[PDB]
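Going in written order, the chains are labelled A, B, C, D, E, F, G and H, and every chain counts its residues from 1.
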Amino acid sequence: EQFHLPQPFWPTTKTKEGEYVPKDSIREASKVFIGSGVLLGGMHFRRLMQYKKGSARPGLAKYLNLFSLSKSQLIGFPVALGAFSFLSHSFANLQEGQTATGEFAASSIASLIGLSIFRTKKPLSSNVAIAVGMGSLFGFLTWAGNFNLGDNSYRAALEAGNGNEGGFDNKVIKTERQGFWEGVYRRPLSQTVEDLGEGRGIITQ
Amino acid sequence: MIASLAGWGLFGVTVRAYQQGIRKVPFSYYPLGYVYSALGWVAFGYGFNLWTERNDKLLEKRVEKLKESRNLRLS
Amino acid sequence: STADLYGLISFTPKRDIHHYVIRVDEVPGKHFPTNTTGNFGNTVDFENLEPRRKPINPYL
Amino acid sequence: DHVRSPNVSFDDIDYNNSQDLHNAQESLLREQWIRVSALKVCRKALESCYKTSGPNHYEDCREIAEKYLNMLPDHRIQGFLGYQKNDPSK
Amino acid sequence: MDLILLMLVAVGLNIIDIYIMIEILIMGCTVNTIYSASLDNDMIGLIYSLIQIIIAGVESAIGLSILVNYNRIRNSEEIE
Amino acid sequence: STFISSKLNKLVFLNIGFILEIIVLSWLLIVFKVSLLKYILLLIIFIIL
Amino acid sequence: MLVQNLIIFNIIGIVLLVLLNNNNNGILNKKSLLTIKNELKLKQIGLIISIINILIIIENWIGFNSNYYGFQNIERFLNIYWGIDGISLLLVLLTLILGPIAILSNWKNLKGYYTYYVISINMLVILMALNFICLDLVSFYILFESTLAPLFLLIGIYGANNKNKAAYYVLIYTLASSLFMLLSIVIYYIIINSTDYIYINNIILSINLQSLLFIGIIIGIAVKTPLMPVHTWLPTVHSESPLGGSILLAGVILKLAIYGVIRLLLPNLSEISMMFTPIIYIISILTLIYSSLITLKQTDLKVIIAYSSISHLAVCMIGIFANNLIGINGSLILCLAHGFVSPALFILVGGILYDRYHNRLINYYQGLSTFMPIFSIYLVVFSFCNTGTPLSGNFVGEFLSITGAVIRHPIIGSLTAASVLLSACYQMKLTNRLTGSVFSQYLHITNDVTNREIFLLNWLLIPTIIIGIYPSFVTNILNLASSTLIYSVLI
Amino acid sequence: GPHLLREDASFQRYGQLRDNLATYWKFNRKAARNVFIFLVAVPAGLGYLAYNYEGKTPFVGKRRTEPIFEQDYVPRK
């Protein structure tokens, strides 16, 4: 018998058992790593031609220097994203679906792999603090429901008959649990016991 | 309905009273000023109530159609 | 009553590529600047034109 | 004056009628406060017996002590949110 | 190739060189419209192209006027 | 905030080359598939450092 | 009547005070009569309005019925429905009573601009008083956040050496968190299409959606009643704000967060409140034990009282989340009793000592019972009340809150009993040091407590000991109101 | 008023330091040793006891169903 704790999670599209064909974790990271390497590598050479055309000009070198990537960054960035895409997809298959802790785990490690390359001359604690910080942002970005809840938004539930457009009533009790956005006047007591558990005033004293 | 224009006018007195402080003048300066600022907002207050009463008539009729549409949805 | 009225107004009907408002009140091509009858591909007849979809005024 | 409780149950009314729902909540509160008042009376009977019996308090105050320890868990204010929002039958 | 932003190497290092790139960029839009309009035998596309050429001219004149006054503003001693 | 704002202040400077380059980069958001947004979100966070 | 008379009169009073003071500004220098004696006439009109505000509510207290369940005195003003029930009535009474006392505390210890101060104090009191008598989450939030605008300016203008740090703390801590309370209020308006108290009390939500709304709201509450680890704003603001700002920020503002539980969590989120109550106890018990231990290592006089405020409010939250009438009534009596004892200490520490020696460091003060005996009688008397001595109103609140805590959870709720011991550690150490050994060699003999400062003390002690000796005055109002908050199904 | 307090230069430094310990604080291995104990170790330990017994203690009016005293005596001698 386990404990009863709250579940503060936004609704998600549940995948039926047997759904969720996994995606190639090697191939997916290969596209991002190779692709990002050519862009960052290609833009570097393009910015080198702009350096040759104008060097004595102060404003031109003022802006070109901002975009310049150190030799470590031109290598560290593609590796991190390639590591990020591999770990993000791999943890998606292990969980049978993308989760916040998977995205936290992928983002923090991938940052640590990347940060240890283009930020060598900094204490390892300084990197782990940054990598854990960047982990939280992807944990919260996934927990919040990506950029949009999509089908789980109240608008979608309302447009599907699962919203509170229909009012409430005490004489109509639903044996099954109500939807995420749905409200009711009265509930089956078995749902309260299966949530609160017996004890401190529920059923018994 | 005069009481509604009474409140709007009293808001007109406050703006002229609040104008005196910004200009840093005694609040009894140019007593005809309070009449002009009062009447200006009664003109606005008169029109504003006309606009809101017009909104009530329009919104009652629109809700008549929205209630019917919900019933078709709630079938 | 306020909760009812807001529930009516705040609701947004679903729009797909099947139902949406298009504000065209007539079929073009009745008269052209010149050579109105081209390759005779204008199968639309304006003498027996079916009624168009007039817009709904929800305040009327 | 002494207002009569509006004896009303959650199981016979429509919660859409928030006037009747109010009475169902007010009626379930008032009955509970009676049980505490009933409980405080029973405890008074126990106290007289123990003071009066002395050594015989275990005998002359046997069923009162038994009854008081039986009514104690349930003769307390519990509110109406428990029963309004839950359905024992289901 | 142009995904590495090669066109930035092809634009000179003067304000007047930016103005020309804007014209060459818009010129591509008009040529695209003339291409579609002629294939479709549609004169409405040719009306659009005529407007684009006329509007692209007014944009040049205002930009040059700002640039001209920008230039004389520095050379504004005129105390002789 | 002192670290973040010190980076953002360095970016606001009157320069045609800078603003033109930023705009053309943003055309990539129309080319890349939308599933690559989070990687661009990480790449942006890196160049802060 | 009530709110309409309470707003219209106060607005009229605020306009009247502004007209009188600013008339002479003009283009010429002015030496008028209203400036004489440090704006004394304008301070008096501010003090009368505070007294009149109390008379407005009493006009409606007479009509109150203790045997009626439901909101009374219901009225609609500004398209907002108001009303009073048992719990709200007493907190309104406390808020308005601290009006005259907050103004009287700062009678002659500001460098100037007394009219601005008097207007702000009466403005903050009205905003907080109105916060107990609204009947929707949106209007609750509006009044819950509007107090930042005067309080932020008041602390910045009239504060101590670190007033800029204190101003930047109250504004951001209490806004970056209450904005999380706005999100859960908004979601109530999206699914239910209404935020009215009664309408939302009857709806049950999915246990996942209950957990989200609770987390949002309790984030906004855990800052106002500072629970570790987000309490860092209160000690700083107290040590720097004006003395009158400290009386309101401790007397009332903290109790708005306990009233936040009564309206926003227990009735409508009853199922998820049961789940979080074990977690709430863990946070509050650790708040009780850590705040008491941290106080043992503090040096500023006015900070030391600030942390004592946190330990009591943790006990209040412990009691209110107990699912019985004993815990709820005890928590509310403690909030009322703390509402007088806490302001009294700041008067003793930041209002009587600080107005004579202008230094809050503890090292300078000892042996104060020699040349300031009347001060040391009240410091001793209020030290005991602050630590739950049985004859005060704090013991009734703490004993019941501890009793209710054990009833709800016998094992961990018993650790609330550490409040009786720890509260006597940091407090009695402070009093024993202040009134012990020889008189300090850094201070100079001066006046004892003045007649005004005695009046402030006597009328914060008198209500405290009435509630202690006969707490049934509070209870007879609370019982039917507090019995609607209990969630339990017994079969 | 008249500065009735003989202000001390050393007490002011002590008061200045004690109200500004945040500036000199570092997140060294010592702080993490303390930070882990107070923010995680204690809350989890109590958090387990709170949830373990949450509902397992029906102590209201608990009754006795087992004798206290012993009946027969079994001497060693």
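To be clear about the criterion, a contact is a pair of C-beta atoms (placed from the backbone, for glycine too) under 8 Å apart; a residue touches a chain by one contact, two chains touch by 3 or more.
**Q** Going by the touch criterion at the top, tell me which pair is linked by more C-beta contacts: A-B or A-H.
**A** Output for the comparison: A-H.
**Q** Nearest chain to the global Cα centroid?
**A** The most central chain, going by mean C-alpha position, is G.
**Q** Suppose each chain is reduced to the average of its Cα coordinates; what separation in Å results between chain C and chain F?
**A** About 44 Å, centre to centre.
**Q** Between chain D and chain H, what is the gap in Å from one C-alpha centre to the other?
**A** Using C-alpha averages as centres, the distance is 39 Å.
**Q** Using mean CA coordinates as chain centres, what's the chain C-chain D distance in Å?
**A** Centres of chain C and chain D (C-alpha means) sit 68 Å apart.
**Q** Return the residues of chain B touching two or more other chains; collapse runs of consecutive numbers into ranges.
**A** Expected reply: 70.
**Q** Scan chain F for residues touching two or more other chains and write them down.
**A** Where chain F meets two or more other chains at a single residue, that happens at 17, 21.
**Q** Do you know which chain H residues sit against two or more other chains?
**A** Residues 51, 54, 60.
**Q** Between which chains does touch occur?
**A** A-B, A-C, A-D, A-E, A-F, A-G, A-H, B-C, B-G, C-G, D-G, D-H, E-F, G-H
**Q** Going by the contact rule at the top, pick out the chain A residues touching chain E in the complex.
**A** For this pair, the touching residues of chain A are 39, 42-43, 45-46, 49-50, 53-54, 57, 60.
**Q** Considering the complex alone, what residue numbers of chain A touch chain C?
**A** By the definition above, chain A touches chain C via 155, 158-159, 165.
**Q** So in the complex, the part of chain F that touches chain E is made up of which residues?
**A** 16-17, 20-21, 24-25, 28, 31
**Q** Flag every residue of chain H that touches chain A in the complex, lowest number first.
**A** Touching chain A from chain H are residues 27, 51-52, 54-56, 58, 60.
**Q** Quick check on the complex: what are the chain C residues that touch chain B?
**A** 5, 8-9, 11, 13, 58-60
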